[PDB]
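Overview (structure and organization)
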Amino acid sequence: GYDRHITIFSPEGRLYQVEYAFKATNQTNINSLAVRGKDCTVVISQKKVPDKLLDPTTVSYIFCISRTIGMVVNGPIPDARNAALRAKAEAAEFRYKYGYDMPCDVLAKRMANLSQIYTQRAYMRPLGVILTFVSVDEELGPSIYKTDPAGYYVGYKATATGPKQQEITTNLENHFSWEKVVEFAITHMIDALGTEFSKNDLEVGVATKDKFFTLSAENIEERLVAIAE
Amino acid sequence: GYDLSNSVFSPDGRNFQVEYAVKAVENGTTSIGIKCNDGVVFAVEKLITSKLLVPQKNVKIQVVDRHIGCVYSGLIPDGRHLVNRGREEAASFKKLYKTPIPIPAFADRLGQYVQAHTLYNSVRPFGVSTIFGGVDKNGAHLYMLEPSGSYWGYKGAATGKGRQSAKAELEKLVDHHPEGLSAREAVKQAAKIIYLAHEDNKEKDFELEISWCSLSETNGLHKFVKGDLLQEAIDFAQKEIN
Amino acid sequence: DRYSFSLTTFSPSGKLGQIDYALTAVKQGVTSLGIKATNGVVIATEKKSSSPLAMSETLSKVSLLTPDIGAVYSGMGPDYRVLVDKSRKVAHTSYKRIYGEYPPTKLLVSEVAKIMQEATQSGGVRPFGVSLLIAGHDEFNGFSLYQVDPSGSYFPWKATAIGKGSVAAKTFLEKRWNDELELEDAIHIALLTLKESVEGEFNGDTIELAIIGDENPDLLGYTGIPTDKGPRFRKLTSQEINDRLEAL
Amino acid sequence: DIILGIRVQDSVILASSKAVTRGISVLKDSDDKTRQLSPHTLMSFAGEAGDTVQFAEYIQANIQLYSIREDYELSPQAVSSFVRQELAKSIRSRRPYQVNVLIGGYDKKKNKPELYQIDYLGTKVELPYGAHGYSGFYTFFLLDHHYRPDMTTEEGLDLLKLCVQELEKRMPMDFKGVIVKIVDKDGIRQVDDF
Amino acid sequence: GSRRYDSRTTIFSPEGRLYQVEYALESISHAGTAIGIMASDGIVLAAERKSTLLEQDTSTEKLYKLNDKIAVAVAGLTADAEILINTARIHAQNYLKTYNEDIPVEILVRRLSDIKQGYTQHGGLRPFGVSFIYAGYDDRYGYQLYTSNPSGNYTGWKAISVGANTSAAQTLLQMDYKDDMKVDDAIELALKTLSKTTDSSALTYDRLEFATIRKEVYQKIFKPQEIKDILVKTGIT
Amino acid sequence: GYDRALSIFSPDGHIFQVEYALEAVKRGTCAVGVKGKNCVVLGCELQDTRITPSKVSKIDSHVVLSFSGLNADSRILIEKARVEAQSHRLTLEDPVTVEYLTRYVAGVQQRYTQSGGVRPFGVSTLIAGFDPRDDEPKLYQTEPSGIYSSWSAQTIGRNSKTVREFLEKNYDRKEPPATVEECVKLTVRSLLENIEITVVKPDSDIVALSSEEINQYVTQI
Amino acid sequence: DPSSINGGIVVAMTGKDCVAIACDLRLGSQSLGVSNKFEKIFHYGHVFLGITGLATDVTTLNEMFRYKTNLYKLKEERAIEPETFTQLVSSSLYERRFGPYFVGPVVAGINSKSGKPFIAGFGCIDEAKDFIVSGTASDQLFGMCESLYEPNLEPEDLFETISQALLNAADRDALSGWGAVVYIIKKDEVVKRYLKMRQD
Amino acid sequence: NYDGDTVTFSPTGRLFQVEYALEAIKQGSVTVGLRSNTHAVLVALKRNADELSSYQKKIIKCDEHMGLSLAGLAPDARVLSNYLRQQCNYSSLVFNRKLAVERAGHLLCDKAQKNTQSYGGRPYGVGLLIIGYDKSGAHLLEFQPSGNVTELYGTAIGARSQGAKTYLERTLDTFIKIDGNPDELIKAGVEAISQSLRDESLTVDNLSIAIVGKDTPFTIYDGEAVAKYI
Amino acid sequence: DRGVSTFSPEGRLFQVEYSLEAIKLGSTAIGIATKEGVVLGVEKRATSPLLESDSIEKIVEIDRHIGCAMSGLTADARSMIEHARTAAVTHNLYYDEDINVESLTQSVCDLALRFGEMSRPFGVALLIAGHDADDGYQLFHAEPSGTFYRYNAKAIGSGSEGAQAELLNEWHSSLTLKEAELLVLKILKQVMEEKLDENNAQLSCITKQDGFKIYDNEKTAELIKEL
């Protein structure tokens, strides 16, 4: 009866707490998509701020892990911030230990291993978040690596996360400077979700060769205007 | 049967113990925060449970370092525990570095601490929601931190029993004053909002406590509103009821 | 951590329930097989992708443990990943720091099985949900192929399969295996068995195959040391698998 | 201290000096620097004042515990190995035991006497005769001359008496005579009239 | 807290029994049969394995050397047994390092059984699901045959069987064992007892692990060809 | 560390784990001890007899310990008792008295009944012997709860109630068994309601009777 | 320096399909000679090990290596080889880098598979092809070996060479002597010989 | 389902173990605290298990300037008073400073709160009334197991404390202005505690009174010392 | 299950109440404090005639002027008494003076609630009797709940319910020491199931001059005759 309350095996060989963490990843009802250009990686995340008392510049599910790595999280923001702090510490520690910046895939494996530990030890619950790491690796180029509560991670050509991740995923499959990549991603998210975006409805992160950065509301409005033309 | 332990996901992916802590918060007295053009104002309703309480002596609002004010609703001892952690954190930041801790950094530290209390079944979630903020080198910041560890920046924040009416009044404030409120008029309006929200708890008398941290009025340090300004705000609130 | 008691305990029938459930998780995993020939061992598995936009090249289900030892799994992938990390670390610390050489296959298999049994008996941990097929070569035992179970039990095999279609694959290997098999014949039999096990597309991108065979001095990365032989573990590329499938 | 050991055809004879000196005065002139480890094993010790007795009783307690636990007696070889291991552990501890011991015992299964010399560093060696420190400087000539493997207990005692006489004549201290004990198949006995 | 999920492995039953120990014994009762026979001139260890593609010539899963003079037959979980066997080997080598003598069989058996008992009284962990048969020689008692179970009890035997069908095997041993048999007669007896207690229709060399200790003492773990020869000569073939 | 409170009070004031350890003791084999004027005689009713340990164990040269219940737990108790006796010899220059050793063993047993993460020993011990340089016989008993007491004659194990009734009707505290023969014959008669006999005498004179002597005693009875 | 407390020397030589290892037998306590039967050469299977230095350290290391090689044989089901044993010795010695044993170990043996003679000196491994020396007379041994040694000596010639080198180095060393033992090691047989030398 | 541990919230947000610890106080004997500007008074009704037994100590003295009275589990009160004495000791040692009553109350607050959020412990089953005098004057603090510490003019904790508390509320304006006449404040406290009796009357052995003030060190009256106040 | 340190909805610890009900099954112990001393008497309750009743130590010495009786799970009583003796000796070592009886009782009762995940509270109740210059002859009743009271006369154990009422009837401030002995013996004879005699009951007393002493079977028999 308690196989559903701690991460031990069920008689069917399943970890119900991990599956429920997967369920928790969609509580925020936010959809995100990541696309790689030939030179840059772009993450578009929905920015839903319904309360008018909120300061919108603080509502953010995109984190700058290091100079080159950015992370977009699908799930509750406390677990998202926990994962962000851990990833930042891991990146800084890798730089200290090995003399060079941690690659995006190494960090993704780092966090997936932590998730696996939470999956195997009973006193640790899984974090109910999905972590998408993006960077332009100095060896592998633009990179998307996505981690889930199960400790599973893999690299992606493009990826989408959220309640409507299926629609965006099939849309990208049908399709299959960084400003053009951003415009492509925004247009494709509009088409997949069937909803026009204002400058306040979107979060944009861009991983380039020298740095990862996030666009401001003014930059997002500029990209929306460019799409309008 | 998923609500008996802290770190258990329900089949829907919910943590029911955090929701129960939120219920405990909702049971508490109403506390608000208003971000003015150059500072932050904190106001809290202090219920007078008995005539034997010493007036102006059971202080609820707490200072962290010299520039951060914290007010909370729900389980007051949990709020004091959180504020003790926040003071330790501000001291550690001011020892490793030299600047006073920035408000967003302090908010992140408190959020990490509160979120760590939802990770294990050997610990209980915080039974408070904390409105905190202050003035740093980047201006004024206002945050509300929930039992889940979630926190956001706010133009105006409210928790407690009369949180809905206080939120409506703060929304009216944000609508009517896009230019940015002034610290003194913010104190007056905080008094007004607390008095308005007390109507949901009219069965008992209450004492109004206000504090503020303004770049101009208080020189960027958190100070309690006392004396002439406090009485002026009280009279403004009393008049604004009628 | 207040979990200091065992989560795996005996039942009134003598069963260890968590180990049985880990075995059930293994049986639901993707089929992976290993065949031992006279001059090599071949381990093969299906690469099942979660999304068509996933880069399956980044997910390696076959791992090098030592230059002459490789591993494949069926079951829970993250468990295999952490087990592979621990196995490489143990193969270095417990053996190569002491004796200056990589362990023989059986000793590494015993160390991995020890790691698995520790998860079986220690407090506050579930067992690993993976069975590993570990293929290796050592100077004194030659080529060997070992299956390690979640309980920590390991067994040497001439040929075996684990996972979703392990029963049919094992029957086919019983039909096809013989003690005079060459490495190329073993690879052909492995490809046929995996063809019978794989549901959808059967090609070099959906199949991961590695061999323990001849030493590869071209993969050593340096020359000038006559006694440094070169790795025997070799993961076949998608191009090589496609070539061996076109002339199937 | 002065410790002599001599293994003869059927027994081991140990002689230990009687004097205890601290600073300006000879406090005791009848000390027994031996401990019975087992009914057929005896250990005599020399070295630093407080370390010798402490180490000896620790060893004796350990050997007694083994004997009770197994309802069996350790062989003299095993006892000497255990003592050597203890001294080797001590020599690299926070404060080593500065104790030199002679282990004389009778192996009831081999029916042979055994003598082992172990110094403070932990160098063990099986000897027909032994002495620690400067003691062998005044005795080794005589044993090298007159020792035979087939010597009886009486001849060994005469040789020990001659060695003690030589030590009394040329060593520049007064060790106040020796206490003589014999280990054989009948157990451990003391020679008072030496 | 974790109190809800604790199974309380180290507690008594109202009848004074230990649930987990009894369940581990039940587990071993389904393991392959291992037999030890102490003859006048040595000890015989025989174990029944429990596929065509299995590398039988390499598999050593029930008989292990702990020493130059001590061997164990294993019934139960093989990985727990491997842990215990490593500890036993290290303990025997520690004894040899300390005393320059080979460890007596009883001391080693007692140490292993104490390790087993420790998991039964404290720690909250499950018992080892292993039963051992120790065949050993030492100068004190000569050839000795002990057995130990998850509870940590160890007893000395002239002939003993562990694993599946212990009752039938012990009945056969009681019927046919003599104190004055030679090692060859003991080997024959072990093969006959295994044949009449196996659940399979026939007993073949691939299903058998065999070991003897004979006098200096010599441990011989039989190769498959030697097992085949002994099967043919005994008459089971 | 595992520290769950396994031995706790039931609503009726009982510690169930200690009661169940007592049941485990009552399922033990036997330990009959008959104390006389000069004798303390301890007895019990394809196995290899050479290497199967005798139930009576020497804690020191003068104190022996018989037990009943779980043999594996008894091994740990006996090891602790022997180590304690050796340490007492080492540090207080004196061999343990029977009461001191009994107190130490009962203290270990009691400690295991109120420590977290452990279960009580399912062992009751009959501790017999003589104090150093003394001659009055001692026969103590310890139980899983930690209770220790002195007895003229006591039995533990299966048939303990019947054998204790037999002793209560045959042993008389007015006139204890006068000779070693009387001690042994009373013990054998109690065990006859296979026999092993150990006689504990002062000055560390502890001997187990041969099978011939025991056969003569049985035939006389 | 604890190595000079006890004295003693060990020399190993390679021949044609054979190795020789030789040592003196003196166990000394500074100038005083205590034992003439302290053999410093031990073997674990077919791998021979000579240890010079502090005698208690010699005994401790012999016990440790017997322990480790026994566990190796139990785990591996095969006897350790001279190269693997050399790695084991190096790792064991550096396991006590700041608590070192005051020893000089010399490995001699023939690899059972390849059949090639193997000798080694030391934590840093000196895997020489001609000779290894160790002890208080290492300079005398170096002179004698560098003068006398020639490659591919037959076992009899190798015995004579190593014996003469050892005897003449021990004659010029105060703390070495009181007898000598030579092991002529081949794949099929190992011969142990005690040498007649000066007893001063 | 939710009352078995202090680490669990009820579906309505309640902590049941803390409430049970409060009920532990409600089973205890009534003690009354009240203060004027110059003096703070503790009045306690000591309880005896048997008429052959003595009356359990209700009032504990910390130092010359501070003391407390307890209602509920006496060992918990002793633990808390030992911690309070340690805090005052630390203040005196490190700063040569008398610990303020409010700061000591907050230290008790933190110590009590630590047992309501972590598993394994239990809430303290005692309530305390702490009176003290410092540079800011007379102080009366009510401590609760939940961690709540309150500064009051007057208060009563224990069984039937509601009558005493109601009387103190009615008398508030009178006794807060008593000022420099300690005997009258003690008298008012005695009337307050007498308002909480049901059957037994205040006797020489029953009544225990403590006082601390401007020029009054913390003194406890027991036995015949309270006969003038009965 | 439930935690050992849990409160009941009525504000009482479960394990403490269970331990008190465990105490209720113990052998009876009676203590009477007078101006000349304190008399402690216990019911031996030997389980068998072969049990040597002189080995039952249910009255022990804590210090020269402090002794106590025990009732309930007397195995826990030994640990409590060892702690008490260590406390008294440590007091004499640290302060060069004998410990006060009330201070000794406090030191003992400090262990009472020091349990939780000690696995359980003690299952024994003590009657601590002692003398000192500060307070004279004193008698305390220590409980596993951590509470203790000073008693003029107290009875604990199986027969405490009627014994306490009888002590209420009989005790007065002018009782002499011999009257206290007779009263203790009378109450024991009243409440003991067995016929009271010098082999199934024990007496002890604490006086300033002679300290803590246990009455021998001879002297106890002479006192029993007086009834």
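Look above for the structure.
Overview of the structure.

Quick notes on the rules
Residues numbered from 1 in each chain as written, not as in the entry; some residues may be left out. Chains lettered and ligands numbered in written order. Part of a larger assembly, values for the part shown. Heavy atoms only, no water. Contact = heavy atoms within 4.5 Å. Buried area = accessible area lost by both parts, 1.4 Å probe. Salt bridge = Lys/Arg side-chain N within 4 Å of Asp/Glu carboxyl O. Polar contact = N/O pair within 3.5 Å; in protein donor to acceptor, adjacent residues only side chain to side chain. Core = buried A, V, L, I, M, F, W, Y, C linked by side-chain atoms within 4.5 Å. Buried < 20%, exposed > 50% of the residue type's maximum accessible area, 1.4 Å probe, protein only. Helix = DSSP H or I, 4+ residues; strand = E, 2+ residues; numbered from the N terminus. Pairing = 2+ DSSP bridges. Axes fitted to C-alpha atoms, helices over the stretch in contact; angles between N-to-C directions. Arc of directions from axis to C-beta. 1 Å grid on protein atoms, 1.4 Å probe; cavity = no way out; pocket = protein on both sides within 12 Å on 5 of 7 lines; lining within 4 Å. Points joined across faces, edges and corners; volume = space filled by probe spheres on them. Nonpolar A, V, L, I, M, F, W, Y, C, P; charged D, E, K, R; others polar. Patch = residues over 30% accessible without salt bridge, like charges linked within 9 Å, V, L, I, M, F, W, Y side chains within 5 Å. Areas by Shrake-Rupley, 256 points an atom, 1.4 Å probe, with all protein chains shown as cover. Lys, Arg positive; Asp, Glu negative; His and termini not counted. Charge placed at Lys NZ, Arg CZ, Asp CG, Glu CD. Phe/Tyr/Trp six-rings, centres within 6.5 Å; stacked < 30°, edge-to-face > 60°.

1. Let's talk about the interface of chain E and chain C
At the junction of the two partners, chain E supplies 34 residues and chain C supplies 36 residues. With both chains or domains summed, chain E and chain C bury close to 2,800 Å², and 61% of this area falls on carbon and sulfur atoms. The interface formed by chain E and chain C holds 1 salt bridge in total. Between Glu-55 of chain E and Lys-36 of chain C there is a salt bridge; the shortest N-O distance is 2.7 Å. Put simply, chain E and chain C have 10 residue pairs in polar contact between them.

2. A short note on the nonpolar core
Grouped together as the largest cluster of nonpolar side chains are 75 residues, with contacts concentrated most on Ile-65 and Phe-133 of chain A together with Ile-32, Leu-208 and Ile-210 of chain B. At 9 residues, the largest contribution of residues to this core is made by helix α5 (residues 183–197) of chain B. In this structure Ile-210 of chain B touches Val-41, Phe-42, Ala-43, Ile-61, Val-187, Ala-191, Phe-224, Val-225, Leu-230 and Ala-233 of chain B, once residues within four positions along its chain are discounted.

3. Notes on the side chain of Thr-105 of chain I
All names here are of chain I. Locating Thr-105 in the fold gives a position in helix α3 (residues 101–109). A relative accessible area of 0% means that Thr-105 is categorised as buried. One polar contact links the side chain of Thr-105 to the main-chain carbonyl oxygen of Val-101, over a distance of 2.8 Å. The contact partners of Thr-105, leaving out residues within four places of it in the chain, are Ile-128, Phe-140, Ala-142 and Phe-148.

4. Some remarks on the sheet that holds strand β9 (residues 207–213) of chain H
All names here are of chain H. Read across the sheet, 5 strands follow the order β8-β1-β2-β9-β10 without closing on themselves; strand pairing throughout is antiparallel. Of all the strands in the sheet, the pair left with one neighbour each is β8 (154–157) and β10 (219–221). With strand direction ignored, the average angle separating the axes of adjacent strands in the sheet is 15°. In this structure, strand β1 (residues 31–35) lies alongside β8, joined through 4 bridges in antiparallel fashion. Its bridge partner being in β8, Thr-31 is matched across the sheet by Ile-157. Those strands touched by helix α4 (residues 161–175) are β1 and β8, and its axis lies near 170° from that of β8.

5. Focus on helix α6 (residues 217–225) of chain I
Residues and elements named next belong to chain I. Considered for burial, the residues of α6 that qualify are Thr-220, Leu-223 and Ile-224. Down the axis of α6, the buried side of the element spans an arc of 100°, and every buried residue falls inside it. Across from the buried face of α6, at angles greater than 90 degrees, the exposed residues are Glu-218 and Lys-225.

6. Some points on empty space enclosed by the protein
All names here are of chain A. Approximately 100 Å³ is the volume found for the second largest cavity. Surrounding the second largest cavity, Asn-82, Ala-83, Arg-86, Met-111, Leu-114, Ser-115, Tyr-118, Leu-127, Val-129, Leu-131, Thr-147 and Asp-148 form its lining. Elements with a minimum of two residues in the lining of the second largest cavity: α2 (77–98) and α3 (104–120). Per-element accounting of the lining of the second largest cavity gives the leading share, 4 residues, to α3. Here the lining of the second largest cavity is composed, by residue class, of 7 nonpolar, 3 polar and 2 charged.

7. Brief notes about the interface of chain A and chain C
With 34 residues of chain A in contact, the opposing surface of chain C contributes 30 residues. For the salt bridge of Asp-1 of chain C with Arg-121 of chain A, the shortest nitrogen-to-oxygen distance reads 3.2 Å. The set of elements that each furnish at least two residues to the side of chain A that touches chain C consists of α3, β7 (153–156) and α4 (165–175) of chain A. For the side of chain A that touches chain C, the element with the highest residue contribution is α3 of chain A, accounting for 6 residues. Considering only residue class, the side of chain A that touches chain C consists of 18 nonpolar, 10 polar and 6 charged. In terms of strand pairing, β7 of chain A meets strand β3 (residues 54–55) of chain C through 2 bridges, oriented antiparallel. Directly across from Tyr-156 of chain A, in β3 of chain C, lies its bridge partner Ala-54 of chain C.

8. A short note on a negative patch on the surface
Residue and element names in this part refer to chain G. Residues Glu-150, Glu-156, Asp-157 and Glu-160 make up a contiguous surface patch of negative charge. The residue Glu-160 is located in helix α5 (residues 155–171) in this model. On the basis of relative accessible area, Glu-160 is assigned to the partly exposed category, the value being 45%.

9. Quick word on the packing of aromatic side chains
Residue and element names in this part refer to chain F. In the structure shown here, the tally under the stated rule is 49 aromatic pairs over all chains. Look at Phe-16 and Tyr-20: their rings are 5.8 Å apart centre to centre, the planes differ by 10°, and that puts the pair in the stacked class. One end of the pair, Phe-16, and the other, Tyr-20, are both in helix α1 (residues 16–26), 4 residues apart, so they sit about a helical turn from each other. Judged by its relative accessible area of 40%, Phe-16 is partly exposed.

10. Thoughts on the pattern of salt bridges
Where charged atoms from two side chains of opposite charge come close, those side chains can pair. Applying the stated criterion across every chain, the model contains 93 salt bridges over all chains. Ionic pairing is found between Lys-46 of chain B and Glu-207 of chain B, a salt bridge with its closest N-O pair at 2.5 Å. Here the residue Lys-46 of chain B occupies a position in strand β2 (residues 39–47), and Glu-207 of chain B occupies one in strand β9 (residues 206–214), the gap between them amounting to 161 residues. The exposure class assigned to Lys-46 of chain B is buried, which follows from its relative accessible area of 8%. Among the residues examined, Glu-207 of chain B registers a relative accessible area of 13% and is labelled buried. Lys-28 of chain D serves as the salt-bridge partner of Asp-31 of chain D, at 3.4 Å between the closest nitrogen and oxygen. For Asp-31 of chain D, a relative accessible area of 25% translates into the label partly exposed. The exposure class of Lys-28 of chain D is partly exposed, given its relative accessible area of 38%. A cluster of three or more residues bridged by salt bridges with shared partners is formed by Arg-86, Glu-90, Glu-93 and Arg-110 of chain A.

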